[PDB]
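S.K.: Mind looking over this structure? Questions follow.
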Amino acid sequence: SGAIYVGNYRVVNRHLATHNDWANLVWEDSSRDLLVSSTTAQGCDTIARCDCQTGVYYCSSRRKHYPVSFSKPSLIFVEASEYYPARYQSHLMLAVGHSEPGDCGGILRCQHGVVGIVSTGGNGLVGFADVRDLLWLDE
Ligand SMILES: NC(=O)[C@H]1CCCN(C(=O)Cc2cc(C(F)(F)F)ccc2C(F)(F)F)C1
Ligand SMILES: [Zn+2]
């Protein structure tokens, strides 16, 4: 569980989205596991606009923040689940670090702000859905 609150937008994992999220839908992409819905209250998360490859992510399964090195956003294959069939997820960044079911939604941050959210994991690895290319989140 977890979301990004920037201006009048809420950013969540698409597979974790609520009824409210779908009834107030702005944009969604299954191939990125992202969904953006509208909000009445104003959010103050700063989204990073950079090509950083080091940052810090929140791991709810350990109740701890962890520093990580992470790869450039790319098309990576992701095994089947009760939410999606086997497929390549786009805009995904990998890091060596702990994650287990229940960790999706944890924020990855760099010195410039929010980079993305936990979206995949397993085998001593963690995957993040990048949000830095979504320039419209700020306007
Ligand atoms: N983006 C997807 O299609 C996800 C959907 C949920 C499930 N997805 C996973 O990665 C599986 C899983 C979840 C987690 C996460 F929550 F950190 F992701 C950690 C580990 C694992 C593991 F190791 F058991 F396979 C794909
Ligand atoms: Zn940065």
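By Swiss-Prot numbering, chain A shows 869-1007, in order.
Note: Cβ is positioned from N, Cα and C throughout, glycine not excepted.
The active site, for protease 2A activity annotation in Swiss-Prot covers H883, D901, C972 and is backed by similarity to another entry. Marked as Zn(2+) 1 binding site by Swiss-Prot on the basis of similarity to another entry: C918, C920, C978, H980.
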S.K.: Using a 10 Å radius around each Cβ and all protein chains in view, which of these binding-site residues has the most neighbours: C920, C978?
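M.R.: Selected residue: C978.
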S.K.: List the binding-site residues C918, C920, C978, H980 whose Cβ sits under 6 Å from any atom of ligand 1, in sequence order.
M.R.: none
S.K.: Got a sec? Which of these recorded positions, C918, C972, has the most Cβ atoms within 10 Å?
M.R.: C972
S.K.: With respect to ligand 2, which members of the recorded positions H883, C918, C972 satisfy a Cβ distance under 6 angstroms to one of its atoms?
M.R.: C918
S.K.: Around the Zn(2+) 1 site formed by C918, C920, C978, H980, list the extra residues of the same chain whose Cβ is within 8 Å of the site's Cβ centroid.
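M.R.: Checked against the 8 Å cutoff, the neighbours are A916, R917, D919, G923, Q979, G981, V983, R1000.
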S.K.: Would you count the other CB atoms within 10 A of the CB of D901 (active site, for protease 2A activity), including those on all shown protein chains?
M.R.: 25
S.K.: To the nearest whole angstrom, state the Cα distance for the pair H980 (Zn(2+) 1 binding site) and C972 (active site, for protease 2A activity).
M.R.: 22
S.K.: Name the one residue among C918, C920, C972 whose Cα is closest in three-dimensional space to that of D901 (active site, for protease 2A activity); these are the recorded positions.
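M.R.: Closest recorded candidate to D901 (active site, for protease 2A activity) by Cα: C972.
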S.K.: What does the structure give for the C-alpha distance between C918 (Zn(2+) 1 binding site) and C972 (active site, for protease 2A activity)? Integer Å is fine.
M.R.: 23
S.K.: Counting only residues 6+ away in sequence within the same chain, which have a CB under 8 Å from the CB of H883 (active site, for protease 2A activity)?
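M.R.: Once residues fewer than 6 apart are set aside, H883 (active site, for protease 2A activity) is near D901, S949, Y951, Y952, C972.
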S.K.: Just how many other Cβ atoms lie inside 10 Å of the Cβ on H980 (Zn(2+) 1 binding site)?
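M.R.: Looking across every protein chain shown, the total is 14.
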